[PDB]
Amino acid sequence: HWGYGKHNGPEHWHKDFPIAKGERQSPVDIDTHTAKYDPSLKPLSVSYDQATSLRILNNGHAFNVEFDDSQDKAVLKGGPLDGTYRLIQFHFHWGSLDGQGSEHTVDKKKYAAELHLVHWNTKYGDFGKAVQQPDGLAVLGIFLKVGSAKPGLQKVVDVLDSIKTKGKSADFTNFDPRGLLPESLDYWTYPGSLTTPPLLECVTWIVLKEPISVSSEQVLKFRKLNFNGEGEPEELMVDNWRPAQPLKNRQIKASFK
Ligand SMILES: CC(C)NC[C@H](O)COc1ccc(S(N)(=O)=O)cc1
Ligand SMILES: CC(C)NC[C@H](O)COc1ccc(S(N)(=O)=O)cc1
Ligand SMILES: CC(C)NC[C@H](O)COc1ccc(S(N)(=O)=O)cc1
Ligand SMILES: CC(C)NC[C@H](O)COc1ccc(S(N)(=O)=O)cc1
Ligand SMILES: [Zn+2]
């Protein structure tokens, strides 16, 4: 199956997922001098106060913190979006070293990691229907750099020991994702795709300009996770990022001057 190794990584994905070479693939490089300020872009509305987290899962490619998305409890609206998008999960992509790990890049700069808060459009009823639509998902992407610790991340870091290997899960209730946001909500936005198979072209990407800082100890604990299942030869879960894809016939818009 697909992965991030030499024999199943991003250069192989097109053989089972031909949309890998499609017209609106993600991630991309964000050329800050080419992105156009769009004064018609509305401010983002992040309403996470009623969020209900449930569980954290090692799925063999990353770890997902999952939410109750059966009601409008934690939603994203505004910005480039029409309608209401419900938070279903967040996850990260990260590197084996601090100089790499993010999926999007900014003027070719790579950050140490990237957080993805995944939301689906409520007019399609459920997540599986939404991923079949060009405006079905909105993913809020947030860069991580290494510096001071992020206090709101520590609860996640401290549970990773219990989900070391693929298929393990743990209860993860009462987690507040507001503690993972930077101060500013200035953003870039463009139409794109899931960055892992099935690579569906269903995502409005909203990438925040301001990174969050995490400590070296926090990201070191990400790197102790395993791609493999329990009892299998250990493969550290590192460098689970897809590189930048061709922008093709797309414009990146900026919410800020
Ligand atoms: C785990 C054992 C069966 N070995 C796996 C097997 O060789 C499959 O190899 C592959 C290699 C690449 C892919 S793709 N186009 O999804 O990235 C799929 C299967
Ligand atoms: C009805 C409520 C409790 N929520 C149910 C909703 O279908 C959420 O289901 C989920 C939530 C997250 C995921 S994962 N590991 O892909 O991120 C999968 C199914
Ligand atoms: C209506 C809500 C609760 N749906 C979102 C929820 O997370 C369900 O997630 C999913 C996940 C997968 C599918 S499938 N295998 O049909 O594509 C459908 C819904
Ligand atoms: C096809 C459906 C039902 N299952 C999809 C699967 O859960 C993958 O979901 C996702 C969700 C988000 C992303 S990312 N890295 O772009 O934010 C990638 C895969
Ligand atoms: Zn992701």
# chains A, B, ... in the order shown; residues from 1 in each chain; ligands from 1
call {"tool": "closest_atom_pairs", "arguments": {"of": "chain A", "to": "ligand 3", "cutoff": "8 Å", "atoms": "only C-alpha atoms and all ligand atoms", "output": "Markdown table"}}
result
| residue | atom | partner | partner_atom_place_in_ligand_line | distance |
| --- | --- | --- | --- | --- |
| A:68 | CA | ligand 3 | 3 (C) | 7.3 |
| A:69 | CA | ligand 3 | 3 (C) | 5.0 |
| A:70 | CA | ligand 3 | 3 (C) | 4.2 |
| A:71 | CA | ligand 3 | 3 (C) | 7.7 |
| A:88 | CA | ligand 3 | 7 (O) | 5.7 |
| A:120 | CA | ligand 3 | 5 (C) | 7.6 |
| A:122 | CA | ligand 3 | 1 (C) | 8.0 |
| A:125 | CA | ligand 3 | 1 (C) | 5.2 |
| A:126 | CA | ligand 3 | 4 (N) | 3.4 |
| A:127 | CA | ligand 3 | 5 (C) | 4.0 |
| A:128 | CA | ligand 3 | 18 (C) | 3.4 |
| A:129 | CA | ligand 3 | 18 (C) | 6.4 |
| A:131 | CA | ligand 3 | 17 (O) | 7.8 |
call {"tool": "residues_near_ligand", "arguments": {"ligand": "ligand 5", "cutoff": "10 Å", "atoms": "only C-alpha atoms and all ligand atoms", "output": "compact mmCIF listing (two decimals) with N, CA, C and O atoms, in the first residue's frame"}}
result
# COMPACT_ATOMS: atom_id res chain seq x y z
N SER A 26 -2.48 19.32 -4.28
CA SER A 26 -1.87 19.96 -3.12
C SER A 26 -0.80 19.06 -2.51
O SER A 26 -0.84 17.84 -2.68
N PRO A 27 0.16 19.64 -1.78
CA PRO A 27 0.35 21.07 -1.48
C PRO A 27 1.00 21.81 -2.64
O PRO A 27 1.31 21.20 -3.67
N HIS A 61 -0.13 6.58 8.97
CA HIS A 61 0.42 7.68 8.18
C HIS A 61 0.62 8.95 9.00
O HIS A 61 1.52 9.74 8.68
N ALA A 62 -0.20 9.16 10.03
CA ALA A 62 -0.12 10.28 10.96
C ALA A 62 -0.97 9.89 12.16
O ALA A 62 -1.38 8.73 12.28
N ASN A 64 -4.62 11.24 14.09
CA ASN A 64 -5.78 12.11 13.97
C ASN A 64 -6.44 12.28 15.34
O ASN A 64 -6.71 11.29 16.02
N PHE A 90 -8.18 16.83 13.24
CA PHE A 90 -6.92 17.47 12.88
C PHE A 90 -5.78 16.47 12.99
O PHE A 90 -5.86 15.47 13.70
N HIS A 91 -4.71 16.76 12.24
CA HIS A 91 -3.51 15.94 12.22
C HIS A 91 -2.35 16.83 11.82
O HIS A 91 -2.53 18.00 11.47
N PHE A 92 -1.15 16.26 11.83
CA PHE A 92 0.07 16.98 11.47
C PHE A 92 0.87 16.20 10.43
O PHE A 92 0.71 14.98 10.27
N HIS A 93 1.76 16.91 9.74
CA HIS A 93 2.84 16.33 8.94
C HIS A 93 4.16 16.91 9.44
O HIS A 93 4.23 18.11 9.74
N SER A 102 6.96 20.46 6.62
CA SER A 102 5.71 21.02 6.11
C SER A 102 5.45 20.57 4.68
O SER A 102 6.36 20.16 3.94
N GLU A 103 4.18 20.64 4.30
CA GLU A 103 3.73 20.29 2.95
C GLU A 103 3.68 21.53 2.07
O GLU A 103 4.35 21.59 1.03
N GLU A 114 3.44 20.93 9.86
CA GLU A 114 2.24 21.62 9.41
C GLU A 114 1.03 20.93 10.02
O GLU A 114 0.89 19.71 9.92
N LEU A 115 0.16 21.72 10.65
CA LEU A 115 -1.10 21.26 11.23
C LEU A 115 -2.23 21.43 10.22
O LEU A 115 -2.35 22.50 9.61
N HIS A 116 -3.07 20.41 10.08
CA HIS A 116 -4.24 20.45 9.19
C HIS A 116 -5.49 20.22 10.02
O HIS A 116 -5.68 19.13 10.58
N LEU A 117 -6.35 21.25 10.11
CA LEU A 117 -7.68 21.15 10.71
C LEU A 117 -8.69 20.95 9.59
O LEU A 117 -8.91 21.86 8.77
N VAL A 118 -9.29 19.77 9.53
CA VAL A 118 -10.07 19.31 8.38
C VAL A 118 -11.55 19.53 8.65
O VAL A 118 -12.08 19.05 9.66
N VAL A 139 -9.68 22.92 4.53
CA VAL A 139 -8.61 22.54 5.45
C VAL A 139 -7.86 23.80 5.85
O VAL A 139 -7.42 24.58 4.99
N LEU A 140 -7.78 24.03 7.15
CA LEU A 140 -7.04 25.16 7.71
C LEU A 140 -5.63 24.67 8.04
O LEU A 140 -5.47 23.78 8.88
N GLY A 141 -4.63 25.23 7.36
CA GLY A 141 -3.25 24.79 7.51
C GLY A 141 -2.46 25.82 8.31
O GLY A 141 -2.58 27.02 8.08
N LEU A 194 -6.84 16.80 -1.31
CA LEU A 194 -6.20 16.03 -0.24
C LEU A 194 -4.73 15.82 -0.59
O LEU A 194 -4.38 15.60 -1.76
N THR A 195 -3.85 15.85 0.42
CA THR A 195 -2.43 15.65 0.16
C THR A 195 -1.98 14.21 0.35
O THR A 195 -0.78 13.94 0.24
N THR A 196 -2.89 13.30 0.69
CA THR A 196 -2.61 11.87 0.68
C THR A 196 -3.64 11.19 -0.21
O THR A 196 -4.72 11.73 -0.45
N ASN A 240 6.44 12.36 6.87
CA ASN A 240 5.14 12.00 6.29
C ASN A 240 4.51 13.20 5.58
O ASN A 240 3.34 13.55 5.82
N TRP A 241 5.28 13.85 4.71
CA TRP A 241 4.82 15.01 3.95
C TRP A 241 4.97 14.75 2.46
O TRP A 241 5.94 14.11 2.03
N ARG A 242 4.00 15.24 1.68
CA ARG A 242 4.08 15.29 0.23
C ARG A 242 4.75 16.59 -0.20
O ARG A 242 4.45 17.65 0.36
call {"tool": "residues_around", "arguments": {"residues": "range 13-23 of chain A", "least_positions_apart": "3", "cutoff": "9 Å", "atoms": "only C-alpha atoms", "output": "list in words"}}
result
residues 2, 3, 8, 9, 10, 192, 196, 197, 198, 199, 200, 201, 245, 246, 247, 248, 249 and 250 of chain A
call {"tool": "write_last_selection", "arguments": {"atoms": "C-alpha atoms", "output": "mmCIF file, in the first residue's frame"}}
result
data_model
loop_
_atom_site.group_PDB
_atom_site.id
_atom_site.type_symbol
_atom_site.label_atom_id
_atom_site.label_comp_id
_atom_site.auth_asym_id
_atom_site.auth_seq_id
_atom_site.Cartn_x
_atom_site.Cartn_y
_atom_site.Cartn_z
ATOM 1 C CA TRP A 2 0.968 3.657 -0.323
ATOM 2 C CA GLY A 3 3.245 5.373 2.160
ATOM 3 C CA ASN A 8 5.705 3.442 -1.872
ATOM 4 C CA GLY A 9 6.172 7.218 -1.520
ATOM 5 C CA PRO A 10 4.801 10.242 -3.383
ATOM 6 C CA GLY A 192 -6.582 22.139 -4.096
ATOM 7 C CA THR A 196 -2.615 11.869 0.678
ATOM 8 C CA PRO A 197 -4.351 9.185 -1.391
ATOM 9 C CA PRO A 198 -7.029 9.231 -2.648
ATOM 10 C CA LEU A 199 -5.813 12.792 -3.507
ATOM 11 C CA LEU A 200 -9.367 13.958 -4.249
ATOM 12 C CA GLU A 201 -9.695 17.496 -5.642
ATOM 13 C CA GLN A 245 2.987 20.099 -6.686
ATOM 14 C CA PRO A 246 2.631 22.201 -9.870
ATOM 15 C CA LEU A 247 0.379 25.234 -9.439
ATOM 16 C CA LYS A 248 -0.900 24.947 -13.061
ATOM 17 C CA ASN A 249 -3.933 27.180 -13.775
ATOM 18 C CA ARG A 250 -4.466 28.529 -10.253
#
call {"tool": "select_by_dssp", "arguments": {"residues": "range 33-218 of chain A", "states": "strand (DSSP E or B)", "output": "CSV table (one decimal) with N, CA and C atoms, in the first residue's frame"}}
result
chain,number,residue,atom,x,y,z
A,36,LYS,N,-2.1,37.4,-4.9
A,36,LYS,CA,-2.8,38.7,-5.0
A,36,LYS,C,-3.7,39.0,-3.8
A,37,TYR,N,-3.5,40.2,-3.2
A,37,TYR,CA,-4.4,40.7,-2.2
A,37,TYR,C,-5.8,40.8,-2.8
A,44,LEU,N,-11.9,35.3,8.4
A,44,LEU,CA,-12.2,34.0,8.8
A,44,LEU,C,-13.0,34.0,10.1
A,45,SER,N,-14.0,33.1,10.2
A,45,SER,CA,-14.8,32.8,11.4
A,45,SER,C,-14.5,31.4,11.9
A,46,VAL,N,-13.7,31.3,13.0
A,46,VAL,CA,-13.4,30.1,13.6
A,46,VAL,C,-14.2,30.0,14.9
A,47,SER,N,-15.2,29.1,15.0
A,47,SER,CA,-16.1,29.0,16.1
A,47,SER,C,-15.9,27.6,16.7
A,53,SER,N,-14.1,16.9,21.3
A,53,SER,CA,-13.1,15.9,20.8
A,53,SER,C,-13.5,14.5,21.4
A,54,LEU,N,-13.1,13.5,20.7
A,54,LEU,CA,-13.5,12.1,21.1
A,54,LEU,C,-12.3,11.2,21.3
A,55,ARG,N,-11.3,11.2,20.4
A,55,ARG,CA,-10.4,10.1,20.3
A,55,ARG,C,-9.2,10.5,19.5
A,56,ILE,N,-8.1,9.9,19.8
A,56,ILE,CA,-6.9,10.1,19.0
A,56,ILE,C,-6.4,8.7,18.4
A,57,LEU,N,-6.1,8.7,17.1
A,57,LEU,CA,-5.8,7.4,16.4
A,57,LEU,C,-4.5,7.5,15.6
A,58,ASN,N,-3.7,6.5,15.7
A,58,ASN,CA,-2.5,6.3,14.9
A,58,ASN,C,-3.0,5.5,13.7
A,63,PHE,N,-1.2,10.8,13.1
A,63,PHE,CA,-2.3,10.6,14.1
A,63,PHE,C,-3.4,11.7,13.9
A,64,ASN,N,-4.6,11.2,14.1
A,64,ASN,CA,-5.8,12.1,14.0
A,64,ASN,C,-6.4,12.3,15.3
A,65,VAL,N,-6.7,13.5,15.7
A,65,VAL,CA,-7.6,13.8,16.8
A,65,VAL,C,-9.0,14.0,16.2
A,66,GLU,N,-10.0,13.2,16.6
A,66,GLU,CA,-11.3,13.1,16.0
A,66,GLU,C,-12.3,13.9,16.8
A,67,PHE,N,-13.3,14.5,16.1
A,67,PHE,CA,-14.3,15.3,16.8
A,67,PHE,C,-15.7,14.7,16.5
A,75,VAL,N,-17.1,24.9,14.0
A,75,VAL,CA,-17.3,25.2,12.6
A,75,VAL,C,-16.3,26.3,12.1
A,76,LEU,N,-16.1,26.2,10.8
A,76,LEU,CA,-15.3,27.3,10.1
A,76,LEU,C,-16.3,27.9,9.1
A,77,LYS,N,-16.3,29.2,9.0
A,77,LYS,CA,-17.1,30.0,8.1
A,77,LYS,C,-16.4,31.2,7.6
A,78,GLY,N,-17.0,31.9,6.7
A,78,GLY,CA,-16.3,33.2,6.2
A,78,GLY,C,-15.1,32.9,5.4
A,85,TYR,N,-18.8,24.8,7.5
A,85,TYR,CA,-17.9,23.6,7.4
A,85,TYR,C,-17.6,23.1,8.8
A,86,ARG,N,-17.9,21.8,9.1
A,86,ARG,CA,-17.7,21.2,10.4
A,86,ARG,C,-16.4,20.6,10.6
A,87,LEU,N,-15.7,20.8,11.7
A,87,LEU,CA,-14.5,20.2,12.1
A,87,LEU,C,-14.7,18.7,12.3
A,88,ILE,N,-14.0,17.8,11.6
A,88,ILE,CA,-14.0,16.4,11.8
A,88,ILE,C,-12.8,15.8,12.4
A,89,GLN,N,-11.6,16.4,12.1
A,89,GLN,CA,-10.4,15.9,12.7
A,89,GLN,C,-9.3,16.9,12.4
A,90,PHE,N,-8.2,16.8,13.2
A,90,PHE,CA,-6.9,17.5,12.9
A,90,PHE,C,-5.8,16.5,13.0
A,91,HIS,N,-4.7,16.8,12.2
A,91,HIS,CA,-3.5,15.9,12.2
A,91,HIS,C,-2.3,16.8,11.8
A,92,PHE,N,-1.1,16.3,11.8
A,92,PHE,CA,0.1,17.0,11.5
A,92,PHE,C,0.9,16.2,10.4
A,93,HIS,N,1.8,16.9,9.7
A,93,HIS,CA,2.8,16.3,8.9
A,93,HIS,C,4.2,16.9,9.4
A,94,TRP,N,5.2,16.1,9.6
A,94,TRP,CA,6.4,16.6,10.1
A,94,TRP,C,7.6,15.9,9.6
A,105,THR,N,4.9,25.3,1.3
A,105,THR,CA,6.1,26.0,1.5
A,105,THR,C,5.8,27.5,1.2
A,106,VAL,N,6.6,28.4,1.7
A,106,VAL,CA,6.5,29.8,1.6
A,106,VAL,C,7.7,30.4,1.0
A,109,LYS,N,10.5,28.1,1.4
A,109,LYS,CA,10.9,27.8,2.8
A,109,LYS,C,10.0,26.6,3.3
A,113,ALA,N,6.9,21.5,10.6
A,113,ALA,CA,5.7,20.7,10.6
A,113,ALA,C,4.6,21.6,10.1
A,114,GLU,N,3.4,20.9,9.9
A,114,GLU,CA,2.2,21.6,9.4
A,114,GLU,C,1.0,20.9,10.0
A,115,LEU,N,0.2,21.7,10.6
A,115,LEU,CA,-1.1,21.3,11.2
A,115,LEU,C,-2.2,21.4,10.2
A,116,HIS,N,-3.1,20.4,10.1
A,116,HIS,CA,-4.2,20.4,9.2
A,116,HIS,C,-5.5,20.2,10.0
A,117,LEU,N,-6.3,21.3,10.1
A,117,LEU,CA,-7.7,21.2,10.7
A,117,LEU,C,-8.7,21.0,9.6
A,118,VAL,N,-9.3,19.8,9.5
A,118,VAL,CA,-10.1,19.3,8.4
A,118,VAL,C,-11.6,19.5,8.7
A,119,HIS,N,-12.2,20.2,7.7
A,119,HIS,CA,-13.7,20.5,7.9
A,119,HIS,C,-14.4,20.1,6.6
A,120,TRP,N,-15.7,19.7,6.7
A,120,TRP,CA,-16.5,19.4,5.6
A,120,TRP,C,-17.8,20.2,5.5
A,121,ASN,N,-18.3,20.5,4.3
A,121,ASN,CA,-19.4,21.4,4.0
A,121,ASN,C,-20.7,20.7,4.4
A,137,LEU,N,-14.6,20.2,1.1
A,137,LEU,CA,-13.8,20.4,2.3
A,137,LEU,C,-13.1,21.7,2.4
A,138,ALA,N,-12.8,22.1,3.6
A,138,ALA,CA,-12.0,23.3,3.9
A,138,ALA,C,-11.0,22.8,4.9
A,139,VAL,N,-9.7,22.9,4.5
A,139,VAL,CA,-8.6,22.5,5.4
A,139,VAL,C,-7.9,23.8,5.8
A,140,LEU,N,-7.8,24.0,7.2
A,140,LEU,CA,-7.0,25.2,7.7
A,140,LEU,C,-5.6,24.7,8.0
A,141,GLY,N,-4.6,25.2,7.4
A,141,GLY,CA,-3.3,24.8,7.5
A,141,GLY,C,-2.5,25.8,8.3
A,142,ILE,N,-1.7,25.3,9.3
A,142,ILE,CA,-0.9,26.2,10.2
A,142,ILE,C,0.5,25.6,10.3
A,143,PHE,N,1.5,26.5,10.0
A,143,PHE,CA,2.9,26.1,10.0
A,143,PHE,C,3.4,26.0,11.5
A,144,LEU,N,4.3,25.1,11.7
A,144,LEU,CA,5.0,25.0,13.0
A,144,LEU,C,6.5,25.2,12.8
A,145,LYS,N,7.0,26.1,13.6
A,145,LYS,CA,8.5,26.3,13.7
A,145,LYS,C,8.9,25.9,15.1
A,146,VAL,N,10.2,25.5,15.3
A,146,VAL,CA,10.8,25.1,16.6
A,146,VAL,C,11.3,26.3,17.3
A,169,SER,N,-5.5,3.4,19.3
A,169,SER,CA,-6.3,4.6,19.6
A,169,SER,C,-6.4,4.8,21.1
A,170,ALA,N,-6.7,6.0,21.5
A,170,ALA,CA,-7.0,6.3,22.9
A,170,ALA,C,-8.1,7.3,23.1
A,171,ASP,N,-8.8,7.3,24.2
A,171,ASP,CA,-9.8,8.3,24.5
A,171,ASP,C,-9.1,9.7,24.5
A,187,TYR,N,-4.4,35.0,6.1
A,187,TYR,CA,-4.3,33.7,5.4
A,187,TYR,C,-4.1,33.9,3.9
A,188,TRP,N,-3.6,32.9,3.2
A,188,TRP,CA,-3.6,32.6,1.8
A,188,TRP,C,-4.7,31.6,1.5
A,189,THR,N,-5.3,31.6,0.3
A,189,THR,CA,-6.3,30.6,-0.1
A,189,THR,C,-6.2,30.2,-1.5
A,190,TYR,N,-6.4,29.0,-1.8
A,190,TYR,CA,-6.4,28.5,-3.2
A,190,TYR,C,-7.2,27.2,-3.3
A,191,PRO,N,-7.6,26.8,-4.5
A,191,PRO,CA,-8.3,25.5,-4.6
A,191,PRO,C,-7.4,24.3,-4.8
A,192,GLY,N,-7.5,23.2,-4.1
A,192,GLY,CA,-6.6,22.1,-4.1
A,192,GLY,C,-7.2,20.8,-3.8
A,203,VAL,N,-10.8,20.3,-2.0
A,203,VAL,CA,-10.4,21.1,-0.8
A,203,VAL,C,-10.3,22.6,-1.2
A,204,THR,N,-10.9,23.5,-0.4
A,204,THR,CA,-10.5,24.9,-0.4
A,204,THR,C,-9.4,25.0,0.7
A,205,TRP,N,-8.2,25.3,0.3
A,205,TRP,CA,-7.1,25.4,1.3
A,205,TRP,C,-7.1,26.8,1.8
A,206,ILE,N,-6.9,26.9,3.2
A,206,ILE,CA,-6.8,28.2,3.9
A,206,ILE,C,-5.5,28.1,4.7
A,207,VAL,N,-4.5,28.7,4.3
A,207,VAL,CA,-3.2,28.6,5.0
A,207,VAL,C,-2.8,29.8,5.7
A,208,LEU,N,-2.6,29.7,7.1
A,208,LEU,CA,-2.4,30.9,7.9
A,208,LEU,C,-1.0,31.4,7.6
A,212,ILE,N,2.9,28.9,14.3
A,212,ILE,CA,3.0,28.7,15.8
A,212,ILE,C,4.4,28.2,16.1
A,213,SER,N,4.8,28.4,17.3
A,213,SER,CA,6.1,27.8,17.8
A,213,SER,C,5.8,26.6,18.7
A,214,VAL,N,6.6,25.6,18.5
A,214,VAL,CA,6.6,24.4,19.4
A,214,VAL,C,8.0,24.2,19.8
call {"tool": "residues_around", "arguments": {"residues": "range 173-179 of chain A", "least_positions_apart": "5", "cutoff": "8 Å", "atoms": "only C-alpha atoms", "output": "PDB file with N, CA, C and O atoms, in the first residue's frame"}}
result
ATOM      1  N   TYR A  48     -14.865  27.488  17.599  1.00  0.00           N
ATOM      2  CA  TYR A  48     -14.489  26.218  18.205  1.00  0.00           C
ATOM      3  C   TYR A  48     -14.914  26.092  19.669  1.00  0.00           C
ATOM      4  O   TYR A  48     -14.498  25.135  20.335  1.00  0.00           O
ATOM      5  N   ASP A  49     -15.732  27.018  20.194  1.00  0.00           N
ATOM      6  CA  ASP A  49     -15.988  27.020  21.638  1.00  0.00           C
ATOM      7  C   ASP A  49     -16.777  25.797  22.107  1.00  0.00           C
ATOM      8  O   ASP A  49     -16.627  25.381  23.262  1.00  0.00           O
ATOM      9  N   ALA A  51     -16.508  22.739  20.712  1.00  0.00           N
ATOM     10  CA  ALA A  51     -15.874  21.558  20.133  1.00  0.00           C
ATOM     11  C   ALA A  51     -15.951  20.367  21.083  1.00  0.00           C
ATOM     12  O   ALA A  51     -15.796  20.505  22.301  1.00  0.00           O
ATOM     13  N   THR A  52     -16.198  19.184  20.518  1.00  0.00           N
ATOM     14  CA  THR A  52     -16.249  17.939  21.284  1.00  0.00           C
ATOM     15  C   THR A  52     -15.255  16.955  20.684  1.00  0.00           C
ATOM     16  O   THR A  52     -15.572  16.261  19.710  1.00  0.00           O
ATOM     17  N   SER A  53     -14.059  16.884  21.257  1.00  0.00           N
ATOM     18  CA  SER A  53     -13.096  15.882  20.818  1.00  0.00           C
ATOM     19  C   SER A  53     -13.458  14.527  21.419  1.00  0.00           C
ATOM     20  O   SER A  53     -14.046  14.443  22.499  1.00  0.00           O
ATOM     21  N   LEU A  54     -13.103  13.464  20.710  1.00  0.00           N
ATOM     22  CA  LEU A  54     -13.464  12.116  21.129  1.00  0.00           C
ATOM     23  C   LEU A  54     -12.283  11.179  21.319  1.00  0.00           C
ATOM     24  O   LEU A  54     -12.232  10.449  22.316  1.00  0.00           O
ATOM     25  N   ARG A  55     -11.327  11.178  20.398  1.00  0.00           N
ATOM     26  CA  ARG A  55     -10.417  10.052  20.291  1.00  0.00           C
ATOM     27  C   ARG A  55      -9.197  10.505  19.509  1.00  0.00           C
ATOM     28  O   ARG A  55      -9.282  11.422  18.690  1.00  0.00           O
ATOM     29  N   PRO A 151       1.832  25.655  24.706  1.00  0.00           N
ATOM     30  CA  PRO A 151       1.186  24.978  25.844  1.00  0.00           C
ATOM     31  C   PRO A 151      -0.044  24.185  25.441  1.00  0.00           C
ATOM     32  O   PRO A 151      -0.284  23.101  25.982  1.00  0.00           O
ATOM     33  N   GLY A 152      -0.815  24.682  24.478  1.00  0.00           N
ATOM     34  CA  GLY A 152      -2.021  24.000  24.048  1.00  0.00           C
ATOM     35  C   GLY A 152      -1.779  22.716  23.288  1.00  0.00           C
ATOM     36  O   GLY A 152      -2.735  21.971  23.048  1.00  0.00           O
ATOM     37  N   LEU A 153      -0.533  22.443  22.907  1.00  0.00           N
ATOM     38  CA  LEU A 153      -0.188  21.197  22.237  1.00  0.00           C
ATOM     39  C   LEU A 153       0.211  20.089  23.205  1.00  0.00           C
ATOM     40  O   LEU A 153       0.209  18.911  22.815  1.00  0.00           O
ATOM     41  N   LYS A 155      -1.036  18.461  25.754  1.00  0.00           N
ATOM     42  CA  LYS A 155      -1.946  17.341  25.989  1.00  0.00           C
ATOM     43  C   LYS A 155      -1.858  16.307  24.868  1.00  0.00           C
ATOM     44  O   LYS A 155      -1.960  15.099  25.115  1.00  0.00           O
TER      45      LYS A 155
END
call {"tool": "residues_around", "arguments": {"residues": "residue 160 in chain A", "least_positions_apart": "3", "cutoff": "8 Å", "atoms": "only C-alpha atoms", "output": "VMD selection string"}}
result
chain A and resid 156 to 157 163 to 164 221 to 222 225
call {"tool": "write_last_selection", "arguments": {"atoms": "N, CA, C and O atoms", "output": "tab-separated table (two decimals), in the first residue's frame"}}
result
chain	number	residue	atom	x	y	z
A	156	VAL	N	-1.70	16.77	23.62
A	156	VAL	CA	-1.52	15.85	22.50
A	156	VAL	C	-0.20	15.10	22.63
A	156	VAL	O	-0.14	13.87	22.49
A	157	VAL	N	0.88	15.84	22.89
A	157	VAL	CA	2.20	15.22	22.99
A	157	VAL	C	2.22	14.13	24.05
A	157	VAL	O	2.80	13.06	23.85
A	163	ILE	N	-0.35	5.56	21.73
A	163	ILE	CA	-0.76	5.21	20.37
A	163	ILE	C	0.47	5.08	19.47
A	163	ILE	O	0.48	5.57	18.34
A	164	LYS	N	1.51	4.39	19.96
A	164	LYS	CA	2.79	4.40	19.27
A	164	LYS	C	2.70	3.79	17.88
A	164	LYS	O	3.37	4.26	16.95
A	221	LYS	N	8.91	14.25	20.27
A	221	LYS	CA	7.97	13.20	20.63
A	221	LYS	C	7.09	12.79	19.44
A	221	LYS	O	6.72	11.61	19.35
A	222	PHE	N	6.79	13.71	18.51
A	222	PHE	CA	6.17	13.30	17.24
A	222	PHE	C	7.02	12.22	16.56
A	222	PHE	O	6.48	11.25	16.02
A	225	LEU	N	6.84	8.25	17.21
A	225	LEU	CA	5.76	7.42	16.70
A	225	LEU	C	6.28	6.44	15.64
A	225	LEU	O	7.38	6.58	15.11
call {"tool": "atom_distance", "arguments": {"atom1": "CA of residue 211 in chain A", "atom2": "CA of residue 182 in chain A"}}
result
6.5 Å
call {"tool": "residues_around", "arguments": {"residues": "residue 35 in chain A", "least_positions_apart": "3", "cutoff": "7 Å", "atoms": "only C-alpha atoms", "output": "PyMOL selection string"}}
result
chain A and resi 31-32+251-254
call {"tool": "write_last_selection", "arguments": {"atoms": "C-alpha atoms", "output": "short mmCIF file (atom, residue, chain, number, x, y, z; two decimals), in the first residue's frame"}}
result
data_model
loop_
_atom_site.label_atom_id
_atom_site.label_comp_id
_atom_site.auth_asym_id
_atom_site.auth_seq_id
_atom_site.Cartn_x
_atom_site.Cartn_y
_atom_site.Cartn_z
CA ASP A 31 5.09 32.59 -3.78
CA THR A 32 4.37 35.60 -1.55
CA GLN A 251 -4.07 31.83 -8.40
CA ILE A 252 -3.26 32.05 -4.70
CA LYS A 253 -5.15 34.92 -3.03
CA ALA A 254 -4.09 36.76 0.13
#
call {"tool": "residues_around", "arguments": {"residues": "residue 154 in chain A", "least_positions_apart": "5", "cutoff": "9 Å", "atoms": "only C-alpha atoms", "output": "list in words"}}
result
residues 149, 159 and 218 of chain A
call {"tool": "write_last_selection", "arguments": {"atoms": "C-alpha atoms", "output": "PDB file, in the first residue's frame"}}
result
ATOM      1  CA  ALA A 149       6.747  25.381  23.563  1.00  0.00           C
ATOM      2  CA  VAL A 159      -0.768  10.836  24.886  1.00  0.00           C
ATOM      3  CA  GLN A 218       7.436  18.526  21.564  1.00  0.00           C
TER       4      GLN A 218
END
call {"tool": "closest_residue", "arguments": {"among": "A:234, A:228, A:81, A:244", "to": "ligand 1", "atoms": "only C-alpha atoms and all ligand atoms"}}
result
A:228
call {"tool": "select_by_dssp", "arguments": {"residues": "range 72-227 of chain A", "states": "alpha helix (DSSP H)", "output": "list in words"}}
result
residues 127, 128, 129, 130, 154, 155, 156, 157, 158, 159, 216, 217, 218, 219, 220, 221 and 222 of chain A
call {"tool": "closest_residue", "arguments": {"among": "A:162, A:148, A:59, A:226", "to": "ligand 4", "atoms": "only C-alpha atoms and all ligand atoms"}}
result
A:59
call {"tool": "closest_residue", "arguments": {"among": "A:41, A:28, A:74, A:181", "to": "ligand 2", "atoms": "only C-alpha atoms and all ligand atoms"}}
result
A:74
